[PDB]
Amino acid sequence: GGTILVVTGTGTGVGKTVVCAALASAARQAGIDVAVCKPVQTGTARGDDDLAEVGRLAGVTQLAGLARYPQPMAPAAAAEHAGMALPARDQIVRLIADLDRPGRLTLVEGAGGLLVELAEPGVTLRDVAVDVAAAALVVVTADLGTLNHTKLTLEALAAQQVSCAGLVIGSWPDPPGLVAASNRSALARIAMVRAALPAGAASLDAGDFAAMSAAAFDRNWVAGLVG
């Protein structure tokens, strides 16, 4: 197969979706075939659709989903409120494996944070990464409190020997304050920061978003993701 990369975050609303679109756009511009997967999507009644947003920002047409739940809550609670059930652990893995192909970068965007239950009992994106032997890209913020959450997430990855592909700051302000600048330097000592997307990147058009994506990441790292 190719390269599978789960994209998680320190929590919800930290920029998982825009980072998936940014990395997808950068990989596409490098000639890499890209598929984006969102196996569990909640909040569809509120209009949330991360796959649709990734295709809007990065032009990705190879988009794969599985479970969709109306309420903007945890998958376990959103499924319970709709009378539905969570998908099986093997259903999520099968969805990802069918996308895997040589020369392709497959991004698997989680729901919420790393330890969110995606399947019963207590199956998380961390367990999924072990099943498909994928490294983990962790989206973080630059705000107060990000250092604790980033350390907690990377320690959880190491507990199951899930490699950390690095960090991405979901929103980087201009200009940065004392806290944001201090956080970015401290985050760089925790792990390698692959990119810091400028604030409001999700509001850019396709042209501006592609230029931002190509400049946000190191092309040597993006090209090295897929052989």
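Start at 1 and count along the sequence shown; that's the residue number. Heads up, when I say rigid core I mean the largest set of C-alphas that superpose within 1.5 Å between the two forms.
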Core-fitted comparison in 9 other deposited structures of this protein, 113-121 vs 96-104, farther C-alphas: 113-121
Of 79-87 and 134-142, the stretch whose C-alpha atoms average the higher B-factor in the entry: 79-87
Per the entry, higher mean C-alpha B factor between 196-204 and 36-44: 196-204
Relative C-alpha B-factor of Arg104, binned into the chain's lowest, middle or highest third: highest
Chain-relative CA temperature factor third for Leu5: middle
Assigned third (lowest, middle, highest) for the C-alpha B factor of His149: lowest
Third of the chain, ranked by Cα B-factor, where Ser213 sits: highest
Chain thirds of CA B-factor: placement of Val168: lowest
